[PDB]
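Asks: before the rest arrives, take these chains from my complex:
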Amino acid sequence: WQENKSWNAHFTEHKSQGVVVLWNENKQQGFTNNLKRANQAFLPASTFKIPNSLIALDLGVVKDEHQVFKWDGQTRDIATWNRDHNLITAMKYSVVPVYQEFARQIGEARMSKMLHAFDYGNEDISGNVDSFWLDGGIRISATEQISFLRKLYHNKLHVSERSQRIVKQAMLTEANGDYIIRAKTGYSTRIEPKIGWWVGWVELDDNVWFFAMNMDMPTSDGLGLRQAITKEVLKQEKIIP
């Protein structure tokens, strides 16, 4: 591990506070601007769709990435939620109601088991079975996110290979002739401190770079900064052109 305080400038520049954590898989070395915050545990929020998807698939609650989840007919704040979805589009548009339903069908007991098996964060499910990742007892740090993601990448989680491959497909965010990004965004709004998350990895020809960032987010105005700042660090470290 290495602290690299120079990255703070990217935060400073956007009048922001937070942490970016980076792991070099070939060299097994981590890098971060803030070793203390990198180990600070927060609510996972919508980053919880990763393990939730995994569990739903492995238990057959979700058959596959094509299965349609019908809108319940209730209009909500985010327009893209008000329509039918599959796993691919539910992940992309971060469709809460679909993931709530997954969680209800999974159930308290099986959800607890799976998180303990995943070694995920503090493994605590206290709260509502369908919102505990948003305002219940579960907490995870950036470094623990990486550790989780590394298992997922290598297909080493205690779920089927197939489930893991489907989720990684659903995490696809960006790809071109230089890199592939698989990742998931999040915004913890109910409990202070309000924070934005971006976690995932960058795939290169020769290596893989895992990432996990969070940043203070008092309003939804700054959301774009999750990606923008992470990329500024990736460019700096010459991981992406």
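Replies: On my side now, so go ahead. Numbers count the residues shown, from 1 in each chain, chains lettered A, B, ... in the order given.

Asks: ok, the residue most central in space within chain A - contacts?
Replies: Compute the mean C-alpha point of chain A, and by CA atoms, centre = their mean the closest residue is residue A:47, 3.1 Å away. Residue A:47 sits next to A:140, A:145, A:184, A:185, A:186, A:197, A:199 when contact means CB atoms under 8 Å, 6 or more residues apart in numbering. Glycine gets a C-beta too; all of them are placed from N, C-alpha and C.

Asks: dump those into a markdown table; add secondary structure and neighbour count as well.
Replies: Formatted as a markdown table, the entries for the contacts of residue A:47 read as follows, by DSSP: H, G, I helix; E, B strand; the rest coil; neighbours: other CB atoms under 10 Å:
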| residue | secondary structure | neighbour count |
| --- | --- | --- |
| A:140 | strand | 27 |
| A:145 | helix | 29 |
| A:184 | strand | 25 |
| A:185 | strand | 18 |
| A:186 | strand | 26 |
| A:197 | strand | 27 |
| A:199 | strand | 27 |
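
Asks: out of those, flag the one nearest to residue A:105.
Replies: Nearest to residue A:105, judged by CB to CB, of the contacts of residue A:47 is residue A:184 at 20.7 Å.

Asks: my guess is the closest one contacts residue A:171. True?
Replies: Yes: counting by CB atoms under 8 Å, residue A:184 does reach residue A:171; the two are 5.9 Å apart.

Asks: common neighbours of the two, please.
Replies: Both residue A:184 and residue A:171 are in contact with A:50, A:91, A:200, where contact means CB under 8 Å, 6+ apart.

Asks: just checking, which of those residues belong to strands?
Replies: Of the shared contacts of residue A:184 and residue A:171, the ones assigned to strands by DSSP state E are residue A:200.

Asks: take the shared contacts of residue A:184 and residue A:171 and write them to TSV, including neighbour count and distance to residue A:106.
Replies: As requested, the shared contacts of residue A:184 and residue A:171 are arranged in TSV below (neighbours: other CB atoms under 10 Å; distance: CB to CB, whole Å):
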residue	neighbour count	distance to residue A:106
A:50	27	14
A:91	24	17
A:200	28	23
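
Asks: save the shared contacts of residue A:184 and residue A:171 as TSV, and put in distance to residue A:15 too.
Replies: Compiled in TSV, those are given as follows (distance: CB to CB, whole Å):
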residue	distance to residue A:15
A:50	30
A:91	30
A:200	25
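
Asks: before we move on, back to that, look at the residue nearest to the centre of chain A and tell me its secondary structure.
Replies: helix (DSSP: H, G, I helix; E, B strand; the rest coil).

Asks: setting the sequence-adjacent residues aside, check what's closest to it.
Replies: residue A:186 (4.1 Å; CB to CB, 6 or more residues apart in numbering).

Asks: could you do residue A:161 as well?
Replies: For residue A:161, the nearest residue in space outside its immediate sequence neighbours is residue A:155; the separation is 5.4 Å by CB to CB, 6+ apart.

Asks: how near is the one you found to residue A:107?
Replies: Counting by CB to CB, to the nearest Å, the gap between residue A:155 and residue A:107 amounts to 25 Å.

Asks: tack on chain B:
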Amino acid sequence: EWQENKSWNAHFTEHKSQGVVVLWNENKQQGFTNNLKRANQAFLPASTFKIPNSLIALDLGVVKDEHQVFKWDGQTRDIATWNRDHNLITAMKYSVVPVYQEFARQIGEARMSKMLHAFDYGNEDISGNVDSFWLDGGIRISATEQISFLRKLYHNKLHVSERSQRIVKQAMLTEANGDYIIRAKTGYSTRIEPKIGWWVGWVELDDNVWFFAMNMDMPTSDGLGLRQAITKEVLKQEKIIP
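Replies: Okay, chain B now, added to the rest:
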């Protein structure tokens, strides 16, 4: 049901080129092309053959997974990116012929033939060298047949394991953003006339999938970038991508 629409020829004309683009709307089950006749003309698949080759290699265990390393044989070749170690992902990306030759040798004539017949792939003919028949042998496929093949792949309906099909689709990943995902493979038939360039694959949207297959005359390697550029001009035109 197919529709000809000759307006797309302009995109070829504008780059002082000849060829065909074929499009298939999966939701509507309708095809579109600028040239119905060329769309059904069969050509050597060349490097587009890496799709079914990858599939077969995986399904038989010749390739364990997308991470398995294929060591460079130490012979320096024309294309610099081939002169290094590769996995399935990078071998597909940089279209590394020697790796795919080795796969083919290990697969063998008999198993390769059975699999292609089972895939209903092109004319199903393997005549020629077991490791180059897709480049100078007897195998031939049309753009429409490419689509029909790709459609089976997309729906996991080929006669190989689900896992193999998923891995290959992953390896076909070319481009992705917030508007579309493109999974595809390029090709350049150089040994036998007519020299042609290929691009085949599909465009994934939130709500639909658009399959594509194009080929175009390619007397020199100068025009290679036009495979993608022209295809995208049609896709823009039809408002499939922005």
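
Asks: if we can go back for a sec, how far away is the residue nearest to the centre of chain A from residue A:119?
Replies: Here the distance between residue A:47 and residue A:119 works out to 16 Å (CB to CB).

Asks: likewise residue A:113?
Replies: As for residue A:113, its distance to residue A:119 is 12 Å (criterion: CB to CB).

Asks: which strand residues bridge the closest residue to chain B within chain A?
Replies: Using CB to the nearest CB, the single residue of chain A nearest to chain B is residue A:175, 3.8 Å away. As for beta bridges, residue A:175 partners with residue A:180, residue B:176 under DSSP bridges.

Asks: next up, the contacts around it.
Replies: Residues counted as contacts of residue A:175 (CB atoms under 8 Å, 6 or more residues apart in numbering or on different chains) are A:181, B:173, B:174, B:175, B:176, B:177, B:181.

Asks: likewise residue A:86?
Replies: Counting by CB under 8 Å, 6+ apart, the residues that residue A:86 touches are A:65, A:66, A:67, A:68, A:69.

Asks: isn't the last one right up against residue A:96?
Replies: It stands for residue A:69. No: in this structure residue A:69 lies outside contact range of residue A:96 using CB under 8 Å: 11.8 Å.

Asks: find residues that contact each of those two.
Replies: Common neighbours of residue A:69 and residue A:96, counting by CB under 8 Å, 6+ apart, are absent.

Asks: neighbours around residue A:105, how many?
Replies: 15 (other CB atoms under 10 Å in any protein chain shown).

Asks: that one touches residue A:60, doesn't it?
Replies: No: between residue A:105 and residue A:60 there is no contact, the gap being 9.8 Å when judged by CB under 8 Å.

Asks: of the contacts of residue A:175, which pair is most distant in space?
Replies: Longest distance between any two of the contacts of residue A:175 is 14.4 Å, between A:181 and B:174; criterion CB to CB.

Asks: show me what contacts residue A:62?
Replies: With contact set as CB under 8 Å, 6+ apart, residue A:62 has these partners: A:53, A:56, A:87, A:102.

Asks: phi, psi of it?
Replies: Dihedral angles of residue A:62 (phi, psi; degrees, to the nearest 10) stand at phi -120, psi 120.

Asks: just the one 4 residues further on next, same as before
Replies: According to degrees, to the nearest 10, the main-chain angles of residue A:66 amount to phi -100, psi -20.

Asks: repeat for the one 10 residues further on
Replies: Phi and psi for residue A:76, reported as degrees, to the nearest 10, are phi -120, psi 170.

Asks: residues near it, how many?
Replies: By other CB under 10 Å, the residues close to residue A:76 number 13.

Asks: likewise for residue A:235?
Replies: Residue crowding around residue A:235 was assessed by other CB under 10 Å; the count is 12.

Asks: most distant residue from the centre of chain A?
Replies: When distances are taken from the C-alpha mean of chain A, residue A:73 lies farthest, 27.5 Å away, according to CA atoms, centre = their mean.
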